[PDB]
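Protein chains in written order, with UniProt numbering: chain A, 1 to 52; chain B, 2 to 387; chain C, 2 to 137.
The beta-carbon is built from N, C-alpha and C at its ideal position, and this holds for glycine as well.
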Amino acid sequence: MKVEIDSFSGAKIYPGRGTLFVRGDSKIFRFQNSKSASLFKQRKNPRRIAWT
Amino acid sequence: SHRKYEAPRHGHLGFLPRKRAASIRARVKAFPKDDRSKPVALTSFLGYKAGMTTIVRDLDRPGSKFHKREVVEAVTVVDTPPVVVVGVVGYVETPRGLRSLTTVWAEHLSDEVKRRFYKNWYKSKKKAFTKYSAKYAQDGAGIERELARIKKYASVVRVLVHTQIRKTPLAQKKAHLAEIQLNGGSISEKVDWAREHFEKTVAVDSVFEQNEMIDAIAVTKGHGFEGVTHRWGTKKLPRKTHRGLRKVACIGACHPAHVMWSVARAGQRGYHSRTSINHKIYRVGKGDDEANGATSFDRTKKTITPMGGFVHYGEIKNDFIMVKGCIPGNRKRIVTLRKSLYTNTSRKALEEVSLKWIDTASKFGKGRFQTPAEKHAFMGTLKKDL
Amino acid sequence: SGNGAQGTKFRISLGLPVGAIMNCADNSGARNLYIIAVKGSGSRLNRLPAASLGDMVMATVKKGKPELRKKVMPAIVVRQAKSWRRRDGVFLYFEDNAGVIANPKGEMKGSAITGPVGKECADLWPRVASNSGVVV
RNA sequence: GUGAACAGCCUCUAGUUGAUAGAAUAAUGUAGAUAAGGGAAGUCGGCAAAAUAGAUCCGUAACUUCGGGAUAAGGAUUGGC
RNA sequence: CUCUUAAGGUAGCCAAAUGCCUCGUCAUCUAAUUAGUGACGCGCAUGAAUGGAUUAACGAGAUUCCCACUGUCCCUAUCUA
RNA sequence: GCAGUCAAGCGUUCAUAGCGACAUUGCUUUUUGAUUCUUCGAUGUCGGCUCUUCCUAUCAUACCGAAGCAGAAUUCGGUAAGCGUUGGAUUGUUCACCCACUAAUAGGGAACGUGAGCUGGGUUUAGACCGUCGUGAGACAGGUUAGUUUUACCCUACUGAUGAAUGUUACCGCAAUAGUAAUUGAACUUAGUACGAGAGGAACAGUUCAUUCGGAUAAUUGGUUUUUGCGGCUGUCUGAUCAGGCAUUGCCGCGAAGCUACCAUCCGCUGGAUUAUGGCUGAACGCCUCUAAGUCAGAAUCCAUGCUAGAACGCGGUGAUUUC
Ligand SMILES: [Mg+2]
Ligand SMILES: [Mg+2]
Ligand SMILES: [Mg+2]
Ligand SMILES: [Mg+2]
Ligand SMILES: [Mg+2]
Ligand SMILES: [Mg+2]
Ligand SMILES: [Mg+2]
Ligand SMILES: [Mg+2]
Ligand SMILES: [Mg+2]
Ligand SMILES: [Mg+2]
Ligand SMILES: [Mg+2]
Ligand SMILES: [Mg+2]
Ligand SMILES: [Mg+2]
Ligand SMILES: [Mg+2]
Ligand SMILES: [Mg+2]
Ligand SMILES: [Mg+2]
Ligand SMILES: [Mg+2]
Ligand SMILES: [Mg+2]
Ligand SMILES: [Mg+2]
Ligand SMILES: [Mg+2]
Ligand SMILES: [Mg+2]
Ligand SMILES: [Mg+2]
Ligand SMILES: [Mg+2]
Ligand SMILES: [Mg+2]
Ligand SMILES: [Mg+2]
Ligand SMILES: [Mg+2]
Ligand SMILES: [Mg+2]
Ligand SMILES: [Mg+2]
Ligand SMILES: [Mg+2]
Ligand SMILES: [Mg+2]
Ligand SMILES: [Mg+2]
Ligand SMILES: [Mg+2]
Ligand SMILES: [Mg+2]
Ligand SMILES: [Mg+2]
Ligand SMILES: [Mg+2]
Ligand SMILES: [Mg+2]
Ligand SMILES: [Mg+2]
Ligand SMILES: [Mg+2]
Ligand SMILES: [Mg+2]
Ligand SMILES: [Mg+2]
Ligand SMILES: [Mg+2]
Ligand SMILES: [Mg+2]
Ligand SMILES: [Mg+2]
Ligand SMILES: [Mg+2]
Ligand SMILES: [Mg+2]
Ligand SMILES: [Mg+2]
Ligand SMILES: [Mg+2]
Ligand SMILES: [Mg+2]
Ligand SMILES: [Mg+2]
Ligand SMILES: [Mg+2]
Ligand SMILES: [Mg+2]
Ligand SMILES: [Mg+2]
Ligand SMILES: [Mg+2]
Ligand SMILES: [Mg+2]
Ligand SMILES: [Mg+2]
Ligand SMILES: [Mg+2]
Ligand SMILES: [Mg+2]
Ligand SMILES: [Mg+2]
Ligand SMILES: [Mg+2]
Ligand SMILES: [Mg+2]
Ligand SMILES: [Mg+2]
Ligand SMILES: [Mg+2]
Ligand SMILES: [Mg+2]
Ligand SMILES: [Mg+2]
Ligand SMILES: [Mg+2]
Ligand SMILES: [Mg+2]
Ligand SMILES: [Mg+2]
Ligand SMILES: [Mg+2]
Ligand SMILES: [Mg+2]
Ligand SMILES: [Mg+2]
Ligand SMILES: [Mg+2]
Ligand SMILES: [Mg+2]
Ligand SMILES: [Mg+2]
Ligand SMILES: [Mg+2]
Ligand SMILES: [Mg+2]
Ligand SMILES: [Mg+2]
């Protein structure tokens, strides 16, 4: 049973948690919650988000 | 003149009346059919639901797209500390039904139980079973006499037991008392088992084992007075409708000139008794165990209690039943847990399960870490600490 | 699903009711796929038939090759934007809803699928999996 | 003061603080909001709601009584220092 | 050429807010259209200040469609006073 | 509108597998008429919406009997209303019609169910245009447009909710009566098998999913946000700062908790007795016969198991019962 990383916050996604998103080309994305996903969706830059 | 289109009725007519249940402790209305050739043992159990959480496991279902594959599953953990036999009841078949013949109580009943028999315990003389305890003064006799009676006339035997509510997080000091049917052998062998256990204790690993389907009797969460839309799943009227739209448009035809017992009306939703069946046992908790929450795959030393504690409940100091999926009633409420009334060969019911991991994150928020250990390792040393 | 299919689809959340327009990911020359029906579906008063990944729908091309419009064809859903939960406990979703034309057997009218395809859609239709780019 | 402004919002002088009151927050309401995916499939009918919106620059169709159409449409921009 | 009754519907226009039959025929729009539009016209019972035809601009007028938008709906949930 | 009796014919042959002419007996009251009994000190109508229940002349589903039943498909009939019977384009429509899905898209009742439940598109007051009629005012079972939809706090009903009196009070139970629930499809496999010249082409048993319904539930994901929890922003006001006010919750981003979604996840029991029908032994009738006596198998049926209430005038087992 794996544990993935948030592809924004770099947090730990345990089974069943968060959400998965499959962009246009085919790159797969992962968010541990509605927070990192919302930031990604606004196109924030993680390198600017303090807690990342 | 015939409804223009067909649709099914709303609501089930066999869960009527939709009122508030009597007790908050739901009744067991049936016990499994006794096979009087197996050892004596309880047939149901008292416990307090704590909360839910997530599981992982491989699947064992040959022919499924997910056979030999990990699945995640919601589970609910009910806080189930050992129960205490304080008495026995003798039931006799009659042409008017079962009948309680006598009841024989134990010599020393704790305050937990004693409490139940009172409405203002603090200002009471606590005279509860004081003159009954005198029956034990004699060599035996009066108690031995009534014990002999059940052996002669009773056709079914139930033990009285009660929760040790104090072992749990709850503010309630008063313990819940329940009858449970003895399904071991001979009627004689029964009351014997019962006398032998007076004042003594019984745990849940003596009733339920893993992979067992069990049923779960309980009183549903309450919601007070409800409109017909959410209470019945009635359709929501158009927006233009004068006088609101969470109603139903036609309470009835002209004849019968009477609102009928089957059309949907506003009123109580929730606090109903439900017997919910075929819940499979995923893990039987050992209280003494420091590895409640661990696995043969994830070996880290942790218990079942989630980080931050079970929300609105507390911690699990005790033995617990992990059941698959969900259970009626809400956190803190008592739940009778009962063996199946039948021998299911569902395959879904014969599957032996072994968990791979047990989500132990906080539920009070979007939990990231499983153990305080892990939080540290990941975030590093903070401004407090050291 | 529908039929012409190999296997069973576990339930996934519906995301495409009738009236939905989803992208055409093949090379048939059809830019649209407008849904008018869902071969799997059942029936409730006022319930729009809605579709999900790897179902087969009846459809009409509303943009693209003249020789391809003003007629109903079958189509298959390869991507949906509505989040669904797989049995491994994960809630994924794609960026658009996309579909591919097919005959009642399931045999695609084109030979290429631009974009990714859902595994469920692929396991259900060999021929979608054949011409697929990436799956999941 | 903001601002095109006798607009809206905030203030000074002056004037009121007057419209029975207390405790709770069931249903159903009246008034105000928000909704994943789809996007009028609802309905007599987009009714109701939503969306657009200032300003600077660019850009701008058929037709026309040559005056219009026209803020047609379609775009970029906008703080602080 | 004739009859009633003085003439005998010209220029135009139309299933038109005027057409019974009628959901007219043909074309178009649509998966499908008693709808809309373009046409056709022996037009029950169109028609020339009892004004006919045309028409840019204008319209809280009747009507059809497209893009946008959307809890109108699928299918309901939650919050405030 | 629906069903019969007769049996000339249809049906390659053959009345009756499936039909059925001449005639003839009936049934129904969702057609339309006939009537004018009831209601003119009155209270709308059509359609839809919503919702419940009933009918059975059954469309689907269960089990059967028939066939011009090889198989598949269909068709006729029996027990059968247990359970479903849909999404849409044009129309005010009911109706009609077309697209499409589907196991099937059955027909009807309940004041042509249902307006102090809605809606108000149609019809059918007053405004207005056209056509026909009329000298005209005006008319039309013609076209068109615009046209205010009142009251429940009473009684009963229904849904939920307290409650006096059976020494007092408390705990644990019984179960009369009433309710009651599941539904349907597909794939794999059987099997390219049975059957069939071929074309084609099944089923049980087994496995995996799904549709419709239902009861819960909130770990997860999603929705909600006065947590006015944290941050951001405009305007103004408190001399500045810091920190705040006001803008009927000022606006934006996140946002725990609670509530909550086939937008989420879990769960939805198994014994008997029968129906139709097929039979068993077996007379009547020394034969024959499923039937007369007796008897076997036997359905989405029924009765239980199970599930919800628990009679506030149905009951049982048990605890404690006052000096101030
Ligand atoms: Mg959230
Ligand atoms: Mg009706
Ligand atoms: Mg019906
Ligand atoms: Mg009931
Ligand atoms: Mg409600
Ligand atoms: Mg619900
Ligand atoms: Mg209104
Ligand atoms: Mg109502
Ligand atoms: Mg309703
Ligand atoms: Mg539970
Ligand atoms: Mg939580
Ligand atoms: Mg409808
Ligand atoms: Mg055509
Ligand atoms: Mg002035
Ligand atoms: Mg003001
Ligand atoms: Mg004054
Ligand atoms: Mg007043
Ligand atoms: Mg939405
Ligand atoms: Mg769109
Ligand atoms: Mg409609
Ligand atoms: Mg309509
Ligand atoms: Mg429409
Ligand atoms: Mg409007
Ligand atoms: Mg918006
Ligand atoms: Mg700049
Ligand atoms: Mg003359
Ligand atoms: Mg002339
Ligand atoms: Mg001339
Ligand atoms: Mg004409
Ligand atoms: Mg017209
Ligand atoms: Mg025309
Ligand atoms: Mg239209
Ligand atoms: Mg003239
Ligand atoms: Mg004149
Ligand atoms: Mg205007
Ligand atoms: Mg909204
Ligand atoms: Mg609403
Ligand atoms: Mg013949
Ligand atoms: Mg013959
Ligand atoms: Mg009369
Ligand atoms: Mg009459
Ligand atoms: Mg009267
Ligand atoms: Mg019958
Ligand atoms: Mg023959
Ligand atoms: Mg044949
Ligand atoms: Mg065939
Ligand atoms: Mg045939
Ligand atoms: Mg017949
Ligand atoms: Mg019925
Ligand atoms: Mg229809
Ligand atoms: Mg359908
Ligand atoms: Mg009638
Ligand atoms: Mg009526
Ligand atoms: Mg009424
Ligand atoms: Mg009214
Ligand atoms: Mg009207
Ligand atoms: Mg008028
Ligand atoms: Mg009108
Ligand atoms: Mg008006
Ligand atoms: Mg009322
Ligand atoms: Mg009552
Ligand atoms: Mg019944
Ligand atoms: Mg094969
Ligand atoms: Mg042959
Ligand atoms: Mg200061
Ligand atoms: Mg400073
Ligand atoms: Mg002030
Ligand atoms: Mg459900
Ligand atoms: Mg028989
Ligand atoms: Mg007999
Ligand atoms: Mg006989
Ligand atoms: Mg059944
Ligand atoms: Mg049950
Ligand atoms: Mg009781
Ligand atoms: Mg009672
Ligand atoms: Mg009794």
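For residue i, which option in the options has the closest C-alpha, if you only look at C-alpha atoms?
| i | options | result |
| --- | --- | --- |
| residue 236 (chain B) | B:3, B:2, B:8 | B:8 |
| residue 4 (chain C) | C:110, C:103, C:115 | C:103 |
| residue 273 (chain B) | B:166, B:17, B:12 | B:17 |
| residue 349 (chain B) | B:127, B:166, B:60, B:267 | B:60 |
| residue 332 (chain B) | B:224, B:311, B:340 | B:311 |
| residue 58 (chain B) | B:357, B:383, B:382 | B:357 |
| residue 149 (chain B) | B:104, B:37, B:299 | B:104 |
| residue 86 (chain C) | C:7, C:14, C:6 | C:14 |
| residue 66 (chain C) | C:47, C:49, C:30, C:90 | C:30 |
| residue 17 (chain A) | B:121, B:74, B:183 | B:74 |
Please confirm if residue i has its CB atom under 8 angstroms from at least one CB of chain B.
| i | result |
| --- | --- |
| residue 118 (chain A) | Coverage of chain A is limited to positions 1 through 52, which leaves residue 118 (chain A) absent and any answer about it impossible. |
| residue 37 (chain A) | no |
| residue 106 (chain A) | Shown here, chain A extends from 1 to 52; a query on residue 106 (chain A) therefore has no answer. |
| residue 128 (chain C) | no |
Check this for me: beta carbons of residue i and residue j, under 8 angstroms apart or not?
| i | j | result |
| --- | --- | --- |
| residue 334 (chain B) | residue 25 (chain B) | yes |
| residue 286 (chain B) | residue 293 (chain B) | yes |
| residue 49 (chain B) | residue 171 (chain B) | yes |
| residue 102 (chain B) | residue 155 (chain B) | yes |
| residue 25 (chain C) | residue 17 (chain C) | no |
| residue 320 (chain B) | residue 204 (chain B) | yes |
| residue 93 (chain B) | residue 194 (chain B) | no |
| residue 282 (chain B) | residue 264 (chain B) | no |
Cβ of residue i less than 8 angstroms from any chain C Cβ?
| i | result |
| --- | --- |
| residue 249 (chain B) | no |
| residue 21 (chain A) | yes |
| residue 67 (chain B) | yes |
| residue 283 (chain B) | no |
| residue 229 (chain B) | no |
Please report the residue range of the alpha helix (DSSP H) in which residue i lies.
| i | result |
| --- | --- |
| residue 380 (chain B) | 373-380 |
| residue 40 (chain A) | 34-42 |
| residue 230 (chain B) | 229-233 |
Following the continuous beta strand (DSSP E) through residue i, name the residue where it begins and the one where it ends.
| i | result |
| --- | --- |
| residue 339 (chain B) | 335-340 |
| residue 75 (chain C) | 73-80 |
| residue 217 (chain B) | 214-220 |
| residue 122 (chain C) | Taken as a continuous stretch (DSSP letters only), residue 122 (chain C) belongs to no beta strand (DSSP E), being part of the alpha helix (DSSP H) at 120-125. |
Does the beta carbon of residue i sit closer than 8 angstroms to a beta carbon anywhere in chain A?
| i | result |
| --- | --- |
| residue 79 (chain C) | no |
| residue 54 (chain B) | no |
| residue 374 (chain B) | no |
| residue 92 (chain C) | yes |
- prompt: Quick one, what's near ligand 4 if you take every residue whose CB is closer than 5 angstroms to any heavy atom, in chain order?
  reply: So the residues near ligand 4 by this Cβ test are B:15, B:17.
field: Pocket of ligand 51 (residues with CB nearer than 6 angstroms to any heavy atom), chain order
entry: Ordered along the chain, residues surrounding ligand 51 are C:42, C:44, C:50 [Cβ under 6 angstroms from any heavy atom].
task: List in chain order the residues whose CB is within less than 5 angstroms of at least one heavy atom of ligand 10.
output: This selection yields B:77, B:327, B:328.
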